[PDB]
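A single chain, nothing else alongside it, follows as structure tokens in the form deposited in one PDB entry.
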């Protein structure tokens, strides 16, 4: 198919994310390193993938180590059913994940998507308390501003009013919501969180939050000390603590996992997105040995979940390579350099008339605007400057590949600033 034919087929037959049908996408034809080749007005152009393809492509596209890991595994074994069989890619990846995640997370359940890994975490929490003979502990608690995926359970802990799933609240499980967690640390907030949790403790299976950075809900940051408070509160009231690190994992916030900013270990943890270096869909839910054993010794005797492509050897093999590539370099210095480049590059946006905030956390850079960003203006403005940016809500933001040179980061931040300037034009 030509780009023209792709556009025609796409218009007729393809549903895009968070969209309606019939009420235009840009053709992508190649991706290498930090760069995409897109078709604009019939001609190929090279643009920086400032979004890392929705936060996945941390080593960029077509990395030789990841490519070879995939082709090596493809030669041996593409996939076998994980029911009754095991294999080396799953074992290598599970061993890696247990060793690099917060202390105490000793078991690994692979699934094929982030939303599913969140449902698995919830199922773990619910089955845990059923195993303890306390089936009334079945509700979830979170704070506002959150996002945890698009399946119906995950939707139930999305922000009820400003969240993308707000229109569904009347058919979702009704969960417990604390107010928006502030950026700066305020002990009054933690005290109020505890007071609210206290009156629901007997019906709460778990607290579920995104640690440090809330992503799709508004790119909001909060002080890591809140996580210390959450761990304490959950410990004292016997509520499981679940961290959704599907966006924050694998170095993105400047720590390997955002939980590490607070030295906190949850009872259950979800990871995904950057897990495979953006090659293939894979996610994982980890839990402590205590949780696993309590589920396993329960009247159920088994965690009742088992995706068809569970622990897919191809996805596991590229994930192993991606994690090893990350760990085998000085990733912390790399991220610190990125963060410094984002900070320096976005500083001039603070003075722009339409800009209300500029904030950076590791390899996350955000310009918050005073109005929703119009993609019809933003997209060509960024493409004109050789950068693929995808704003949402009132945010112009970047989550660049870790392989971006300082010059490339400067190019990215320059485009972001010019998009923000156009917002107030």
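Positions refer to the first chain, counted from 1. Each form is matched to the other, and the largest set of C-alpha atoms that superpose within 1.5 Å is called the rigid core.
- In this entry, residue 23 is separated from residue 24 by 1 to 3 residues of the deposited sequence that have no coordinates.
- Higher mean CA temperature factor between 180-188 and 119-127: 180-188, per the PDB entry.
- Remark: stretch with higher mean C-alpha B factor among 81-89 and 296-304 is 296-304.
- The maximum CA B-factor among the listed residues 199, 107, 214, 156, taken from the PDB record, is found at 199.
- By the numbers in the PDB entry, the CA B factor is greatest at 377 among 48, 377, 30, 65.
- Annotation for residue 138: CA B-factor lies in the middle third of the chain's modelled residues.
- Per the deposited record, the Cα B-factor of residue 366 falls in the lowest third when ranked against the other modelled residues of its chain.
- Residue-level temperature factors show residue 210 in the lowest third of its chain, judged at the C-alpha atom.
- Annotation for residue 279: C-alpha temperature factor in the lowest third relative to the rest of the modelled chain, per the entry.
- In the PDB entry, residue 347 places in the highest third of its chain by CA B-factor.
From this point on, the text means the form deposited in another entry, which you will not see here.
- In the overlay on the core between this form and the one not shown, a shift of 2 Å or more in CA position is seen for a single residue of 175, 166, 348, 329, which is 166.
- Relative to the shown form, the Cα atoms of residue 401 and residue 164 move apart by 3 Å or more in the other entry.
- Distance between the C-alpha atoms of residue 162 and residue 16: shorter by at least 3 Å in the other entry than in the displayed form.
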